[PDB]
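Below sits a lone chain in structure tokens, taken as the form deposited in one PDB entry.
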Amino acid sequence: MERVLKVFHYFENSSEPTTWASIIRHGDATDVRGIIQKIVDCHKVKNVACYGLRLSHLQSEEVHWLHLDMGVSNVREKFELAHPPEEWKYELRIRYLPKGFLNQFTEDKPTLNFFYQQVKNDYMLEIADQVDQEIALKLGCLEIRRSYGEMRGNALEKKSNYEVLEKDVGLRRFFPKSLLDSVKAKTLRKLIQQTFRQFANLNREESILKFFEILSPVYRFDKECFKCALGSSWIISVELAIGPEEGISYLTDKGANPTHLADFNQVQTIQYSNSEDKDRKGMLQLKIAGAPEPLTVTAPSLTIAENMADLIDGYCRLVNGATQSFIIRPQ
């Protein structure tokens, strides 16, 4: 008949962020796109095409993006053959960003906060500990400014208000442990108070937007990179960079600008598979208009090739008012 699927998401709902999730039902007809739309609709999302569904094993760092066209039951059965239900986590995420996403998300609050919560969650989990003091202070303060909109600008100056944050709430919800430790609870309070000073005037949207501006130079949430090789005859190892601002590009120097290859709106079709020999590598092929030869990509594994295909498929769907997948599969 039908099954129940728990999907974690980033729509702030007064409670523990880790518990932000939705339970949805699905049948043999239900597909990934269907699940995504159902959830974003209950939150009045306007930029639906920006959302994807990522699945991960709580045990390892391996990630699997579920293709919008695939059936939920089919995919759920496949992975449950590898590991049982409790070791899998399905989370709704924004993956396909429109050209000037922050500016556009401004007109879609539900999605501005969602993107903010997701990116903030990745910040606290991956680089919060090893990031500059000033940054962890600014970013942490901005969140306080945002989470407490109706609070006075100099309210933190009053030791009791701060004490509520240190005792009742927990500064861990805003700053990294490598920050709360490397400083005196007295020096910390003063550092937080004066840092907050500069963001006291900002409103929620301004706080969110300011948060991104500060995080971007030390963390990229506007693109995904993949180490792989290009070519069909003289394979060349490179690092692909895929995002709204550069479409499909490859890295060269460090701080240099990625070199453009193609725009998402030039992609005619996508196809992927296993290496045609004794190899655990995945092949990805893109037919691009205005390009004589197809772009052939050789990724470390089939999983990566599949994860890349979803990224491009999702982008092709976005730049176009497309609802049709651009991936070629055995009919």
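We call the rigid core the largest set of C-alpha positions that still match within 1.5 Å between the two forms. Start at 1 with the first residue shown and count on from there.
Keep in mind that the form solved in complex with a partner chain is missing from the display, and what follows is about it.
Is the gap between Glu86 and its partner chain in the deposited complex 4.5 Å or less for some heavy atom pair?
No, no contact at 4.5 Å.
Quick check on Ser147: any heavy atom within 4.5 Å of its partner chain in the deposited complex?
Output for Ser147 is yes: heavy atoms within 4.5 Å of its partner chain.
Interface membership of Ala185, its partner chain in the deposited complex, 4.5 Å heavy atom rule:
Judged by the heavy-atom cut-off of 4.5 Å, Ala185 is well away from its partner chain in the deposited complex.
With the partner left out here, check for me: in the deposited complex, does some heavy atom of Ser233 sit within 4.5 Å of its partner chain?
No - in the deposited complex, heavy atoms of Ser233 and its partner chain never come within 4.5 Å of each other.
Heavy atoms within 4.5 Å of its partner chain in the deposited complex: which stretch among 221-229, 159-167, 118-126, 206-214?
This holds for exactly one stretch, 159-167.
State which of the options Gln130, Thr106, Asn257, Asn203 undergoes a Cα shift of 2 Å or more between this form and the one not shown, taking the core as fixed.
Spelled out, the residue whose C-alpha shifts by 2 Å or more is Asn257.
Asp41 C-alpha shift between this form and the one not shown of 2 Å or more, rigid core reference
No: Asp41 shifts by under 2 Å between this form and the one not shown.
Is the shift of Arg54 between this form and the one not shown large enough to count as movement, that is, does its C-alpha move by 2 Å or more after the core is superposed?
Superposed on the core, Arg54 moves its C-alpha less than 2 Å between this form and the one not shown.
With both forms fitted on the core, check whether the Cα of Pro294 differs by 2 Å or more between this form and the one not shown.
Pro294 C-alpha, core-superposed: shift of less than 2 Å.
Are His26 and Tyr96 closer or farther apart at the Cα level in the deposited complex than shown, by 3 Å or more?
Farther apart in the deposited complex, by 3 Å or more.
Over in the other structure, so in the deposited complex, do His26 and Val48 pull closer or drift farther apart at the C-alpha level? The difference is 3 angstroms or more.
More distant in the deposited complex, by 3 Å or more.
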